[PDB]
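Everything below concerns the one structure shown next.
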Amino acid sequence: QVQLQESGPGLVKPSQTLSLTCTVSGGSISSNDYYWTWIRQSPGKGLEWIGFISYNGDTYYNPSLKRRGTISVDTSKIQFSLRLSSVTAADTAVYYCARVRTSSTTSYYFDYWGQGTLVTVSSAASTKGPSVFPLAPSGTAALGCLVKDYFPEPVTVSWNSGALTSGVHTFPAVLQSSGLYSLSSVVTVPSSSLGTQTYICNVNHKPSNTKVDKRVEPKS
Amino acid sequence: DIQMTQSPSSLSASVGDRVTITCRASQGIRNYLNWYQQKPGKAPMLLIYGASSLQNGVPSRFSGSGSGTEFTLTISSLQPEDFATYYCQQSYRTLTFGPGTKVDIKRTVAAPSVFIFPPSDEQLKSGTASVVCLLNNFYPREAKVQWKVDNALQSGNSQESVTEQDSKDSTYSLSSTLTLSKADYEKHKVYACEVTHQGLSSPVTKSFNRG
Amino acid sequence: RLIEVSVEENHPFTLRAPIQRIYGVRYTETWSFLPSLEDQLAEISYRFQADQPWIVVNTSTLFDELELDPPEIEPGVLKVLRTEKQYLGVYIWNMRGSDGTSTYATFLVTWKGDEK
């Protein structure tokens with residue numbers, strides 16, 4: 001089926017222009033059967049429709065954005081993009097691209113969605129990547145990684161390059177008094193596996209273009 | 001703009017129950033109403049369009065009805081994976097969403113499994129020590145965690161973080177992180193977290209010695 | 001004479017005036033609407049120089065009385081997010097320059113499902 005992928009900055013300074021790109025695969029952008037939309041979600045303001053573009057390039061916008069948003073399409077690369085000008089903290093949100101269908105008896109609906117990209121509007125100077133420390137293990141044993149002192153959100157954590165998923169819990173980030181975030185990711189594993197199996201947490205911090213792989217071992 | 005409203009704001013129901021969620025439009029929107037399901041950390045997912053048309057591949061336990069101003073989403077046999085926020089959305093005027101209804105799952109009591117993690121030696125080179133206490137796979141969410149340093153009850157220096165309900169077994173997990181300076185950590189020896197929860201007949205304490 | 005636009009139910013449409021302007025001229029643009037089943041929908045003005053600021057001089061309440069969204073208006077263009085029978089009919093664009101010009105274009109918007 002059709003798939004959508006967003007990409008763009010995590011951190012944008014106030015008064016600058018947020019720029020995001022959605023890439024479409026498993027389909028093309030060449031028919032008035034579909035429109036291509038941007039939607040955002042913020043804890044405060046819920047889900048908000050931004051606007052959409054037709055395959056011929058006609059755009060239609062939510063008036064609430066005060067014409068600060070520009071949607072463009074490049075059908076060649078099967079991509080479409082969003083530019084939001086004069087950004088303020090109120091534009092901090094998860095931005096989603098999606099496909100729109102319509103019909104004479106239903107009107108518009110959003111049938112496939114990208115995974116969303118968090119864009120933080122802040123006057124902070126530059127992003128910061130995380131330090132990663134082991135939560136060493138002692139029937140069932142628990143181990144983890146402490147991911148400390150990064151900005152802005154988010155960080156994604158996998159274990160063993162995605163091969164270990166059962167029993168993983170990654171906690172919500174917490175904003176420390178220092179202005180930086182931290183979280184822990186933990187996994188429970190058979191205690192007999194501790195000596196035979198390698199455990200590595202893969203920590204991805206896209207806002208700072210940083211990835212950290214940390215092996216977690218029993219302590220000597 | 002058209003104001004979409006939803007009721008209840010949140011609900012708790014047991015596996016197998018039948019739950020209905022209500023969505024109201026501020027003006028008539030014909031049947032131009034969509035329902036989306038959003039699971040923790042995922043994009044919203046289309047469930048129903050045109051008020052009553054189930055999207056392909058959506059389970060037949062989801063059902064929509066309504067035309068005009070009043071709409072209903074009925075989940076006829078609630079499942080653990082249905083833990084989600086459900087949103088209605090209108091397509092008659094400038095596209096607008098309702099605020100969502102949170103569906104929580106009621107299950108039986110489950111006692112937490114408790115683990116304690118000392119600061120890594122590597123972190124201590126930063127002048128900061130993080131001690132981590134993990135409460136794993138428990139229900140209900142309510143719990144208390146106390147940090148004791150050489151039997152001195154700690155206060156004001158720990159933070160707590162809880163996952164959303166697990167999609168398979170409806171439990172929670174929680175992390176309590178105690179933050180000390182390296183000096184403070186190196187001056188004391190016994191570090192312990194004590195957990196009180198409904199499913200524990202008496203508080204569970206996990207401790208380590210070093211620092 | 002008429003620029004004919006065929007539209008489908010609950011599809012958007014855009015009316016694009018064949019607009020040509022001279023740098024430094026003040027322009028006012030109006031859109032008027034004659035429904036199938038007169039009314040100035042909107043009037044905007046600006047000095048001609050995407051990056052084009054304009055002032056919204058007037059707006060009509062017609063669609064609001066029908067609990068429908070009025071067309072969105074930009075220099076040279078009228079947009080309707082969702083087609084319905086009340087948007088069908090004749091639209092007239094008139095743009096007047098401080099250099100003395102007055103330009104008109106007329107659009108006929110009809111429903112695709114009615115043949116001939």
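Note: hydrogens, waters and symmetry copies are ignored here, and every other heavy atom, side chains too, is used. Chain naming here is simple, since letters A, B, ... match the order of the sequence lines and numbering starts at 1 in each.
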Walk me through it: do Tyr191(B) and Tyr185(B) pass the test ring pair (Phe, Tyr, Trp, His ring centres under 6.0 Å)?
-> CA-CA 9 Å; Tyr191(B) 293 86; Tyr185(B) 174 70; 4.8 Å; yes
Is there a donor-acceptor contact under 3.5 Å linking the side chains of [X] and [Y]?
X	Y	value
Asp166(B)	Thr171(B)	no
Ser185(A)	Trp159(A)	yes
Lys148(B)	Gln146(B)	yes
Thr96(B)	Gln89(B)	no
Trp147(B)	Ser176(B)	yes

Please step through ring pair (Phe, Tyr, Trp, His ring centres under 6.0 Å) for the pair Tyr36(B) and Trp113(A), ending with a clear verdict.
-> CA-CA 11 Å; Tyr36(B) 303 92; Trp113(A) 296 58; 5.5 Å; yes
Quick one: does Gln16(A)'s side chain have a donor or acceptor within less than 3.5 Å of a partner on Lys13(A)'s backbone?
-> yes
With sequence neighbours left out, which residue pairs that include part of residues 83-100 of chain A fulfil the salt bridge (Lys or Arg N to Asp or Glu O under 4.0 Å) condition?
-> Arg40(A)-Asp91(A), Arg68(A)-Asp91(A), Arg99(A)-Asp111(A)
CD (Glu48(A)) and OG (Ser42(A)) are apart, to the nearest 0.5 Å, by 7.0 Å
Kindly determine whether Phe80(A) and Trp38(A) satisfy ring pair (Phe, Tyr, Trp, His ring centres under 6.0 Å), including the steps that lead there.
-> CA-CA 10 Å; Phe80(A) 68 103; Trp38(A) 292 93; 5.5 Å; yes
Given side-chain contact (heavy atoms from CB on, under 4.5 Å), test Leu82(A) with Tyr95(A) step by step and report yes or no.
-> CA-CA 10 Å; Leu82(A) 170 70; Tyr95(A) 284 78; 4.0 Å; yes
Do NZ/NE/NH1/NH2 and the carboxylate oxygens of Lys214(A) and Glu122(B) come within less than 4.0 Å?
-> yes
May I ask you to decide whether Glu217(A) forms a salt bridge with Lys219(A), counting only side-chain N to carboxylate O separations under 4.0 Å?
-> no
Establish, yes or no, whether a centroid distance under 6.0 Å links the rings of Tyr35(A) and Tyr60(A).
-> no
Can you list the steps and then say if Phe110(A) with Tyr96(A) is a ring pair (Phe, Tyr, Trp, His ring centres under 6.0 Å)?
-> CA-CA 11 Å; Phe110(A) 309 128; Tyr96(A) 301 98; over 10 Å; no
With sequence neighbours excluded, tell me which residues meet side-chain contact (heavy atoms from CB on, under 4.5 Å) with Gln37(B).
-> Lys39(B), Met45(B), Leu47(B), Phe62(B), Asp82(B), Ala84(B), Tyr86(B)
